[PDB]
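Structural overview
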Amino acid sequence: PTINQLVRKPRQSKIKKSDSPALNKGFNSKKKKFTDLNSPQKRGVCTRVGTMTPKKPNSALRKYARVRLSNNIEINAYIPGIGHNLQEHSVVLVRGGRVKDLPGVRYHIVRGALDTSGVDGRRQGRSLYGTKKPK
Amino acid sequence: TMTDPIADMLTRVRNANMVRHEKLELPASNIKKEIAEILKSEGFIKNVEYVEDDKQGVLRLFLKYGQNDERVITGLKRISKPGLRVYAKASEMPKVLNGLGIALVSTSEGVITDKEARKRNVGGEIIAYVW
RNA sequence: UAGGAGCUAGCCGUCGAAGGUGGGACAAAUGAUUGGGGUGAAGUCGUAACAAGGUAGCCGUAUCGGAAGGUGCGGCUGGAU
RNA sequence: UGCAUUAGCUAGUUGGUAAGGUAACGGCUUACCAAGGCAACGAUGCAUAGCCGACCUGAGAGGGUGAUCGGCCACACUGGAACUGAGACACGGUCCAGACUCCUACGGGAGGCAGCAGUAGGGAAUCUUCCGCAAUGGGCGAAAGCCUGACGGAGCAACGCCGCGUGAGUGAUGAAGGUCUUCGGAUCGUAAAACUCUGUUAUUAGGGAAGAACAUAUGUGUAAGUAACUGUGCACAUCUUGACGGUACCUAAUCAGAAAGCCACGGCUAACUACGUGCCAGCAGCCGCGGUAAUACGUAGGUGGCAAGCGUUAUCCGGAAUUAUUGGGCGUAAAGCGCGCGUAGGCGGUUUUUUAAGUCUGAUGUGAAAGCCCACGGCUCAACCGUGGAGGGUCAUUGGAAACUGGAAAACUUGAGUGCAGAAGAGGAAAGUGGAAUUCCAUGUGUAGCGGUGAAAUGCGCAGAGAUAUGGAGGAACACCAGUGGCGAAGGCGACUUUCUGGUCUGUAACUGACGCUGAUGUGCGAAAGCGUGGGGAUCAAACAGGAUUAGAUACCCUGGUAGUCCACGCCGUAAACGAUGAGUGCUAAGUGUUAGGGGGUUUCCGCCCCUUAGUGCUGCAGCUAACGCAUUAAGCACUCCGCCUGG
């Protein structure tokens, strides 16, 4: 590329693709508007868990979660933990992550927000919580 | 194509000095030959021999190189064209590479040179990066 | 009597958020509605192409195809015989 | 303002003259002015907007940065008319629509959170319908006053930390201590009981104290002193002052006292091997483990990396210049164009010469905070605050002058434009070279399977299908010239006499002075499948027939035959059009035999030898990428443009 006939367009770097539509979404209910304000506080509703009649060979027997927070908008997320109260009509909060031996699933649901269960089977990873922060 | 002889003729010369061809030709000129006169006085080459013709004649070149068959012609370049030049002044000019570089020379206030104006506060013009 | 000219009491035209009318636009639910892909054992098809994938053929290319596949005319090597 | 998957924008318009009015000045309206003016400078229009620093930060380049936080605009129930205070559309002004709110005893009235708290609410987030004007602040007011919801404070907090935090190891290694046993005494261990060394933080109980001074508060009287002492400033000095402190400082009261968890014990995770553990549970970060020998799932005494410590979540960057003048390339890889032909342009070659306008301003007044150098004070260190110089050495202000230029006067010629042979021309076309079996056999016949075919039947078979020639014609359709050859915008370009020989083409090039590549323009088509008329089923030909392999068709098989095939009137913008490789100036040791055109020697007997280039090929130097492999003619080298893309 030239420089003097480059004044019609500079020789520069490139641009961004789509990333995490849910992390940074909002909603204005005034005039059927649709907003964005970059907050982790965006909600949904607890619906479903399951799969369908295979074609590809991905072997895994673990929980699917079409399961979300207060106000309904359909997503595909994860319910961590084995003990869980996520059947219907739940409210939660969500953060990110993926533990191994899990195919493709890449988010979470925080424990003990509004309407879920707690963590039971781990006793050697003891002293978390970091803010109300004694020894 | 030869805004600089280092532009297109260097396609020939960079191999010509690999093969020790210590003499060549150049278009007739007065500033172009002046800068090579600076360089041969520095001892890049033997001497800028002179023109046979009048208008764009053959100025003879006589290119000495390093006694070790080495070449310190570390690139020299310019962009002259009707459409590309400096309609612009070295009433001040700095230097690069701690004064080792010595290259093209062109302006108008009062005769010094690229390396002969390193100290003036009305400098010169440097392009190459010699060391 | 300001009556003369006058402004309020009276008449000739102005916009005004407003107000409500009208046809388009966007939507959202979605309709005993509805097209593309992926996805989850692929049970559907041979390992269809990769060993000339069992027959080198190919590229634009009528062609039908639930899916690996096929037959027509112009350029081609991206081939063991 | 940014933005065409937003383009042709606009009409007293394009904003002087006369009337009018802004402290100023106007099409601001009017009698005149041109359809003009605005233009892919993407005007129009869409989106958006209070703006800067602010922070973080890529090597420097320097930048994204508004929450706060500071500065600079606009709005204060929405809106509309007027009034207005010098200015108001007014945070707490009228009439109002509007809207709701409340009231209604109906007769009508208005209200009116964007001060600052909290009220419903929410959240991860905003405290507390927080304190008082204590001080400072200012509007009006001598004096004096209030607003304080300004101001300062009270609580809030690893949002992020910080110093102290956890103080003493001596005598039995064993006074006592056990993940892993075909245990040895070492042993989380002179640790340990009990404390060598001790009295800080630790709580502490008060003397208490500074700060607590600033502001008047008193005439003794001074200054303004008015004709003069005086009311105010105030030398007196009556001693104030906290939205904070009987707490700090101190006695040391206090005692070895009143103050520490992480993934794991997995290769990389350093945290030990074990068991219930048998790819199960489930820990689970690059990746795992787990299947009768789990280190790992679960668990564990220690246990690891640092400690008020533990891991994450949105933002930027380290990571990774894996985001490129500086600090990307594009054949394959992130990417290089059927194509070429073209205007502005980018860049096309310059040889001279004048200006000082810019090409590290001279030196200084000279410089935004969490941010140009040092000094500081306080910070339990800190947590964090501020202060001065340097005010810079950073802009302004003064300068004029090379060997570029803008400007100014000359010409030259490689990138541009004018003879020639016209060789090959298939560039792409214009007239001739002017017609058969295959369709019946009418002359004449003679036969069963010609056939279709792997083998066969179909189609064809009796004029006797296929037959004969002077004779009887044509339906689609005119292979010499034979090597690594010549041309077009391409698709591509093929019979030849010829054409223009246009143009290549090399030998001459006879000659004015940058007159070009790519790229706004614009140039055309691009092959077929298919494509808008007679032909066309004549050939071929899908379909059908009809045949069947060996133990399988209607298929490899196809004549009759469906069109189609095809040429005299319309083309698409597609091919492995591939160069997977875009087109200008020139080389990269170069070589290489050669078509063309030439110089020729020798002329040969049209040939041997040298120079030759557009190429032609071949290799082959440098270079090239990972290698494929490219290269004097790229997949290199230094000057031109183009477009592509830096995840897909």
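Per the PDB entry, chain B goes by 30S ribosomal protein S8 and derives from Staphylococcus aureus. As stated in UniProt under Function (unreviewed entry), the record for chain B gives "One of the primary rRNA binding proteins, it binds directly to 16S rRNA central domain where it helps coordinate assembly of the platform of the 30S subunit." Looking at chain B in UniProt, the text filed under Sequence similarities (unreviewed entry) is "Belongs to the universal ribosomal protein uS8 family."

The name the PDB entry gives chain A is 30S ribosomal protein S12, with Staphylococcus aureus as the organism.

Once that is clear, we can look at the protein's contact with RNA strand D. Neighbouring RNA strand D are 81 residues; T1, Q56, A88, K89 and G123 of chain B lie closest to it. With respect to RNA strand D, the side chain of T2 of chain A contributes an N or O atom lying 3.5 Å from a phosphate oxygen. Separating a phosphate oxygen of RNA strand D from a backbone N or O atom of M2 of chain B is a distance of 3.1 Å. It is helix 1 (residues 10-16) of chain B that contributes the most residues to the surface near RNA strand D, 4 residues altogether.

All right, on to the nonpolar core then. Residues and elements named next belong to chain B. Formed by 14 residues in total, the largest nonpolar core has its most connected members in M9, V13, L26, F44, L61 and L63. Every element with two or more residues in this core is listed here: helix 1 and helix 2 (32-42). By size, the runner-up hydrophobic cluster in this structure holds 10 residues, among which are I35, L76, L104 and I126.

A few words now on the protein's contact with RNA strand C. Residues and elements named next belong to chain A. Within the structure, RNA strand C sits among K32, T51, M52, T53, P54, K55, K56, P57 and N58. Taking all atoms of RNA strand C within 4 Å of the protein, the share assigned to sugar and phosphate is 49%. At a separation of 2.3 Å, a sugar or linking oxygen of RNA strand C approaches a polar side-chain atom of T51. One of the backbone N or O atoms of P57 is found 3.0 Å from a phosphate oxygen in RNA strand C.

Conventions we followed
All residue numbers given refer to positions from 1 along each chain's written sequence rather than to the entry's numbering, and residues for which no coordinates exist are omitted. Written order determines the labels here, with chains lettered from A and ligands numbered from 1. Part of a larger assembly is what these chains represent; accordingly, every value refers to the shown part. Heavy atoms throughout the structure, all of them, feed into the side-chain values; hydrogens and water do not. Residues with missing side-chain atoms are left out of burial classes, side-chain pairs and their counts. UniProt positions are given in the numbering used here, feature names are shortened, and annotations may be inferred rather than shown by experiment. For each residue, the test is whether any non-hydrogen atom lies within 4 Å of the molecule or strand; if one does, the residue is near. In protein, a polar contact means a hydrogen-donor-capable atom and an acceptor-capable atom, both N or O and within 3.5 Å, with residues adjacent in sequence counting only if both atoms are side-chain atoms; elsewhere, any N or O pair within 3.5 Å suffices. Think of it this way: any DSSP run of H or I at least four residues long counts as a helix, any run of E at least two long counts as a strand, and we number them from the N terminus. Joining through side-chain atoms within 4.5 Å is the link that ties buried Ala, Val, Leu, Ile, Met, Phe, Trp, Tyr and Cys residues into a set, and such a set is a nonpolar core. Three labels apply to residues, based on accessible area from a 1.4 Å probe with only protein chains included: buried if under 20% of the type maximum, exposed if over 50%, partly exposed otherwise in between.

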